[PDB]
Structure formats: structure tokens, C-alpha cells
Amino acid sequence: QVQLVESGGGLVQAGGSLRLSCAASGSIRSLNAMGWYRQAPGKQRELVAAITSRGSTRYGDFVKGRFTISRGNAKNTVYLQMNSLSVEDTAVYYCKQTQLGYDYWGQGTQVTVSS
């Protein structure tokens, strides 16, 4: 019973920024992980960013410094800050939560990048 609420996204021109927010809710274990995968048209579901209940963090290999994942003072909410976006970053960014080895997914958030 974990429901995940996403927020953020949008259309931004290259070199720009967008924030992404995911609020987890329900039966959260104190040990868990939250982040975002993304899937672009015609490509596979890639790991974008991720953070554990304790601050361990991991980024996808294309991130190359550009995004930060934060935990905040709220509870079970993860923030993703996405600087220097490229027209190759355009995709549907799905929120993901794992606890006890199970996967909880969001409906997805559209991030698209122009020029």
C-alpha cells in the first residue's frame, strides 16, 4: 500500500532547468529508496536518480553531474533538480519507490526539451 504522487515537469528549452517532486504515502518502511526512472520514446527504462532513506544516492550514467536528488524536511518526499537539460533528456520520468524488495511506480511526468 504505497501510493506515489508526482509533480513538476514540463517543457523547457535546452540548457535549462526543471524540478521534479515525488511524495510517497501510506505504509512506508523507515528503510526504503526513492528516485526516478525515465523512458523516452523508442528507448529503454533508464535509472535517472535515486536516494535511500539514509542519504545514499545514485545517478544515471548520463547525468554527469547535472542533476541533484534531495530528501528534504518533509517525509518520504524526494526532490530532483535537473540542470542543463538536453533534447536527449526529453522523456517520461517515472517515480519509483522500493521497500522490502518490491517496486512502487508513479504514473509518469512529462519532461521535454526544445531549442
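One rule holds for the numbers: they count along the sequence shown, beginning at 1.
- Just going by the entry, 56 to 64 versus 69 to 77 on mean CA temperature factor gives the higher value to 69 to 77.
- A24: CA B factor in the middle third of modelled residues in this chain (values from the PDB entry).
- Sort the chain's modelled residues by C-alpha temperature factor and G10 lands in the highest third, per the entry.
- Annotation for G106: CA B-factor lies in the middle third of the chain's modelled residues.
- Ranked by C-alpha B-factor against the other modelled residues of its chain, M82 falls in the middle third.
- Residue-level temperature factors show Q44 in the highest third of its chain, judged at the C-alpha atom.
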